[PDB]
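Student: I'd like to ask you about the structure that follows.
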2 protein chains.
Amino acid sequence: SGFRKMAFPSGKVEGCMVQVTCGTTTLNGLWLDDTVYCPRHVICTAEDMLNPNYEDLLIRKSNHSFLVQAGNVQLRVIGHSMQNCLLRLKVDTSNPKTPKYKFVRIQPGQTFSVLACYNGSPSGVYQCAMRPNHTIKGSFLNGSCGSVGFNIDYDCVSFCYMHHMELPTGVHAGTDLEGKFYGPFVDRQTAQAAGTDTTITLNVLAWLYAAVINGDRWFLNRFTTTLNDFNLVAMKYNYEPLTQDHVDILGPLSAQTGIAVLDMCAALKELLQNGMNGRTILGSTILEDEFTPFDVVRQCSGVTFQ
Amino acid sequence: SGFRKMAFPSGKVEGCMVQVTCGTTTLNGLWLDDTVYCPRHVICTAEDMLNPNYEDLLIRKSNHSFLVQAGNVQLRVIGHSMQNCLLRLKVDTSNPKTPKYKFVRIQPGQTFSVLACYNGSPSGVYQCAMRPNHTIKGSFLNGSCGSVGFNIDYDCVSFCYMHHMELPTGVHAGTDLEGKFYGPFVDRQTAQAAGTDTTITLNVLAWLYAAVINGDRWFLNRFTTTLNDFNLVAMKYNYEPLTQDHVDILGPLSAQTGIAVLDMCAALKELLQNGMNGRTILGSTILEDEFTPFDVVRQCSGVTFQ
Ligand SMILES: CC(C)(C)c1ccc(N(C(=O)c2c[nH]cn2)[C@@H](C(=O)NC2CCCC2)c2cccnc2)cc1
Ligand SMILES: CC(C)(C)c1ccc(N(C(=O)c2c[nH]cn2)[C@@H](C(=O)NC2CCCC2)c2cccnc2)cc1
């Protein structure tokens, strides 16, 4: 029993974290086989983060401009190239701890684990959702850049996020492992701000199903709704519209609990309109949107507490 | 910026997890040097968990009654002994991944990371507080027994918890790594239930200091309180009394923010009496008690956002 934000075990990623220094700037990098990936802003001067030209800054560097440290061992850089907002540094040693891995680009609403690192040293792990506005609600201090986000399936690490910067509201922005930013953000100091966010409806529904699996039904009702009628309410409460594709995704959870998706939508409509009346669901006084249907299936029992 | 429940990186512990089987019962064990630690209830029959006599059950076992598997490798048991509610199985191989480690008994209100494991395979990591009633609000399914809790300081793993059982309310009970239960619980099926819990006042105060460090002061006020006057209110709201020792612990956070401890206590008194009026603190609509003063110092910047 229980239901917590649960991260993946971080050991396979810990063995990949290194420190990269260029000039006076140090940050984290990710060492897989004979390549080290890191944010390209490692080459950026202090006095000009307002308007860097990365092509012009990088052509002025040699391989020995970069210092890469794996623990207390120096890795010699033998090549370098820019890919989007990442640098790829070729090193003279293949990481003997490289796990089976893939690079994936994750979609808004999907979750991943973050290994927060400083100076190439892992410091903590936590689970995050990619918000609809393409930010994450992380916990990062100066020098956390280059920390990565990932999911693990059958001992294969799917890397999906590298941290680049903090926005004015204290939330975080970064790229996939091809160096393409999530959202409309850029790697320079500008006035950019996160856009308005929205609540991830599919995840709220998944979490209400988790509550039923774990034995709680207090918030159900005798009503149903049409998709369109629910979406009229969702707009009023800044929830994402529900689509037929999202209804289909909830099929297995609906089958395990015997609660039709549109019947759960009617329960959610009532909770939005009337509130929770001082009660809790899975220990929470608010509706939670940072668990996906997959996360619920991963964590909950496959047998409902009827 | 940000503030999350952050676990320690789990890799040093992952390399210690093994599977232990006796008869038809399988659970997790912890392999350090040439010893495997696991719950002694691994030797307990299905048809008699109501009244096991562990001395009488264990004398009927040999070394080869126990099967220990580290990944796909079998470890031969060459000795066994009971220590309180743990079994210590001596094996023929010293774990080459044994980290620097210690066993510690943690006090109520203190936090630790849990590596949830099934069949000796790590599945997830999360951060927990030891409640005043000696339970934890974990997330554990059948077969999670033997999963461990730990903290990490300068690459030394301090193991503090091994999971034994789930109580009727869905919370979890276990032992230190000497096999002594936290709380008044026993390793058999009885009517036992968690006692009434209480809110960890020292942790709430630490988290209000975290909110000031991160830049938010909305909940402060112009009042102060005496320790005794605060404790009268704490009793009404099921908060633990504040002691002078706990005031002293808050010294460094008070110094970093310039807010005297008893002045923060006055802020907390007002929040208990008046509520939060629809506002949030560090993203939360409720007062949070699962971060210790040490956790706040570990995670927050050492420079207040003034
Ligand atoms: C060069 C530029 C791309 C503009 C950049 C500058 C600073 C940082 N940041 C670092 O900490 C860092 C830089 N180099 C090594 N570390 C911090 C940051 O984004 N500050 C913002 C305010 C000014 C510019 C952006 C930070 C703090 C906490 C978490 N994540 C990042 C990142 C990017
Ligand atoms: C023998 C006894 C000590 C009574 C015991 C029995 C079952 C378990 N439990 C297991 O899963 C297990 C046993 N052996 C290997 N796994 C589960 C459990 O506590 N059920 C309770 C209801 C009946 C008895 C107690 C469990 C579920 C989820 C999380 N944690 C534990 C533990 C202890």
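Ordering of the structure tokens sets the chain letters (A, B, ...), residue numbers begin anew at 1 in every chain, and ligands are numbered from 1 in the order given.
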Hey, what's within 7 Å of residue 14 (chain A) if we count only C-alpha atoms and toss same-chain stuff fewer than 4 positions away? As a list in words, please?

Tutor: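 Here the answer would be residues 10 and 122 of chain A; 11 of chain B.
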
Student: Please produce a file of the residues just selected, as a PDB file, in the first residue's frame, where the atoms kept are N, CA and C atoms.

Tutor:
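File written: out30.pdb
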```pdb
ATOM      1  N   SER A  10      19.110   5.355  -9.218  1.00  0.00           N
ATOM      2  CA  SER A  10      19.967   6.245  -9.997  1.00  0.00           C
ATOM      3  C   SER A  10      21.358   5.694 -10.308  1.00  0.00           C
ATOM      4  N   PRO A 122      27.064  13.408  -7.931  1.00  0.00           N
ATOM      5  CA  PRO A 122      25.619  13.287  -7.688  1.00  0.00           C
ATOM      6  C   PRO A 122      25.259  13.672  -6.259  1.00  0.00           C
TER       7      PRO A 122
ATOM      8  N   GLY B  11      22.882   4.389  -5.970  1.00  0.00           N
ATOM      9  CA  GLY B  11      23.737   3.374  -6.578  1.00  0.00           C
ATOM     10  C   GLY B  11      24.549   2.559  -5.583  1.00  0.00           C
TER      11      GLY B  11
END
```

Student: Please return as a list in words the residues found within 6 Å of ligand 2, counting only C-alpha atoms and all ligand atoms.

Tutor: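 Based on only C-alpha atoms and all ligand atoms, ligand 2 is surrounded within 6 Å by residues 1 of chain A; 25, 26, 27, 41, 44, 49, 140, 141, 142, 143, 144, 145, 164, 165, 166, 187, 188 and 189 of chain B.
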
Student: If you take only C-alpha atoms and all ligand atoms and a cut-off of 12 Å, which residues of chain B touch ligand 1, and what are their nearest atom pairs and distances in Å to one decimal, in chain and number order, as a Markdown table?

Tutor:
```
| residue | atom | partner | partner_atom_place_in_ligand_line | distance |
| --- | --- | --- | --- | --- |
| B:1 | CA | ligand 1 | 28 (C) | 5.9 |
| B:2 | CA | ligand 1 | 29 (C) | 8.9 |
| B:3 | CA | ligand 1 | 29 (C) | 11.8 |
| B:214 | CA | ligand 1 | 28 (C) | 11.9 |
| B:300 | CA | ligand 1 | 28 (C) | 11.0 |
| B:301 | CA | ligand 1 | 28 (C) | 9.8 |
```

Student: Taking a cut-off of 8 Å and counting only C-alpha atoms, can you build a table that, for each residue of region 79-184 of chain A near region 199-203 of chain A, reports the nearest atom pair and how far apart they are in Å (one decimal), sorted by chain then residue number, as JSON lines?

Tutor:
```
{"residue": "A:109", "atom": "CA", "partner": "A:200", "partner_atom": "CA", "distance": 6.2}
{"residue": "A:131", "atom": "CA", "partner": "A:200", "partner_atom": "CA", "distance": 8.0}
{"residue": "A:132", "atom": "CA", "partner": "A:200", "partner_atom": "CA", "distance": 7.4}
```

Student: Might you pull out every residue within 7 Å of region 85-88 of chain A, with only C-alpha atoms counted and same-chain residues fewer than 2 positions away left off, and present them as a list in words?

Tutor: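 Once the adjacent positions are removed, what remains is residues 35, 36, 37, 38, 39, 40, 80, 81, 82, 83, 90, 179 and 180 of chain A.
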
Student: By how many Å are CA of residue 101 (chain A) and CA of residue 54 (chain A) apart?

Tutor: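 Rounded to one decimal, the two atoms are 28.5 Å apart.
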
Student: DSSP says strand (DSSP E) for which residues of region 95-305 of chain B? Put them as number ranges by chain?

Tutor: B: 100-103, 111-118, 121-129, 148-153, 156-166, 172-175

Student: Hey, what does DSSP flag as helix (DSSP H, G or I) within region 44-85 of chain B? Can you give it to me as a PDB file with N, CA, C and O atoms, in the first residue's frame?

Tutor:
```pdb
ATOM      1  N   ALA B  46       3.689 -20.191   5.743  1.00  0.00           N
ATOM      2  CA  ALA B  46       2.448 -19.513   5.393  1.00  0.00           C
ATOM      3  C   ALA B  46       1.383 -19.766   6.454  1.00  0.00           C
ATOM      4  O   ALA B  46       0.852 -18.828   7.060  1.00  0.00           O
ATOM      5  N   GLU B  47       1.077 -21.043   6.711  1.00  0.00           N
ATOM      6  CA  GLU B  47       0.012 -21.417   7.643  1.00  0.00           C
ATOM      7  C   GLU B  47       0.322 -21.081   9.101  1.00  0.00           C
ATOM      8  O   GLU B  47      -0.514 -21.464   9.935  1.00  0.00           O
ATOM      9  N   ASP B  48       1.422 -20.422   9.488  1.00  0.00           N
ATOM     10  CA  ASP B  48       1.584 -20.025  10.884  1.00  0.00           C
ATOM     11  C   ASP B  48       2.483 -18.789  10.980  1.00  0.00           C
ATOM     12  O   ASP B  48       3.638 -18.830  11.404  1.00  0.00           O
ATOM     13  N   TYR B  54      10.590 -18.270  16.651  1.00  0.00           N
ATOM     14  CA  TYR B  54      11.695 -18.168  15.705  1.00  0.00           C
ATOM     15  C   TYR B  54      12.873 -19.054  16.087  1.00  0.00           C
ATOM     16  O   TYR B  54      13.542 -19.601  15.202  1.00  0.00           O
ATOM     17  N   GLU B  55      13.150 -19.202  17.387  1.00  0.00           N
ATOM     18  CA  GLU B  55      14.197 -20.121  17.812  1.00  0.00           C
ATOM     19  C   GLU B  55      13.879 -21.540  17.358  1.00  0.00           C
ATOM     20  O   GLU B  55      14.753 -22.245  16.843  1.00  0.00           O
ATOM     21  N   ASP B  56      12.622 -21.963  17.521  1.00  0.00           N
ATOM     22  CA  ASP B  56      12.234 -23.324  17.161  1.00  0.00           C
ATOM     23  C   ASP B  56      12.167 -23.505  15.647  1.00  0.00           C
ATOM     24  O   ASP B  56      12.486 -24.584  15.138  1.00  0.00           O
ATOM     25  N   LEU B  57      11.776 -22.461  14.910  1.00  0.00           N
ATOM     26  CA  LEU B  57      11.768 -22.543  13.452  1.00  0.00           C
ATOM     27  C   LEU B  57      13.188 -22.568  12.893  1.00  0.00           C
ATOM     28  O   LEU B  57      13.479 -23.318  11.950  1.00  0.00           O
ATOM     29  N   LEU B  58      14.095 -21.782  13.483  1.00  0.00           N
ATOM     30  CA  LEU B  58      15.435 -21.635  12.915  1.00  0.00           C
ATOM     31  C   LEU B  58      16.309 -22.863  13.179  1.00  0.00           C
ATOM     32  O   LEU B  58      17.118 -23.249  12.325  1.00  0.00           O
ATOM     33  N   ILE B  59      16.172 -23.490  14.352  1.00  0.00           N
ATOM     34  CA  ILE B  59      16.987 -24.661  14.653  1.00  0.00           C
ATOM     35  C   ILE B  59      16.729 -25.787  13.660  1.00  0.00           C
ATOM     36  O   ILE B  59      17.591 -26.654  13.467  1.00  0.00           O
ATOM     37  N   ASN B  63      22.336 -24.472   6.714  1.00  0.00           N
ATOM     38  CA  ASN B  63      22.821 -23.430   5.811  1.00  0.00           C
ATOM     39  C   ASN B  63      22.194 -23.565   4.432  1.00  0.00           C
ATOM     40  O   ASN B  63      21.864 -22.560   3.794  1.00  0.00           O
ATOM     41  N   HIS B  64      22.029 -24.792   3.949  1.00  0.00           N
ATOM     42  CA  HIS B  64      21.494 -24.996   2.608  1.00  0.00           C
ATOM     43  C   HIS B  64      19.973 -24.878   2.539  1.00  0.00           C
ATOM     44  O   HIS B  64      19.404 -25.058   1.456  1.00  0.00           O
ATOM     45  N   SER B  65      19.310 -24.577   3.660  1.00  0.00           N
ATOM     46  CA  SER B  65      17.908 -24.176   3.626  1.00  0.00           C
ATOM     47  C   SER B  65      17.726 -22.806   2.987  1.00  0.00           C
ATOM     48  O   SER B  65      16.611 -22.477   2.568  1.00  0.00           O
TER      49      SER B  65
END
```

Student: Looking at only C-alpha atoms, which of B:252, B:220, B:269, B:174 is the one that sits closest to residue 239 (chain B)?

Tutor: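 Once distances to residue 239 (chain B) are computed over only C-alpha atoms, the minimum belongs to B:269.
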
Student: Which residue, A:33, A:176, A:92, A:153, has the smallest gap to chain B when you use only C-alpha atoms?

Tutor: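 Between A:33, A:176, A:92, A:153, the residue approaching chain B most closely is A:153.
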
Student: For region 225-237 of chain B, list every protein, DNA or RNA residue within 7 Å, evaluated using only C-alpha atoms, and leave out those in the same chain fewer than 4 positions away; present the list as a list in words.

Tutor: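 Using only C-alpha atoms, the neighbours found are residues 241, 242, 262, 263, 265, 266 and 269 of chain B.
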
Student: Could you tell me which of A:184, A:52, A:79, A:283 comes closest to chain B if we count only C-alpha atoms?

Tutor: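 Using only C-alpha atoms, chain B sits closest to A:283.
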
Student: When you count only C-alpha atoms, which of these residues is closest to chain B: A:274, A:190, A:151, A:306?

Tutor: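 Using only C-alpha atoms, the shortest distance to chain B belongs to A:151.
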
Student: Need the shell around residue 74 (chain A): protein/DNA/RNA residues with any atom at most 12 Å away, counting only C-alpha atoms. Skip same-chain ones fewer than 6 positions apart. Format as a list in words?

Tutor: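 Within the cut-off, the hits are residues 18, 19, 20, 21, 64, 66, 67, 68, 91, 92 and 93 of chain A.
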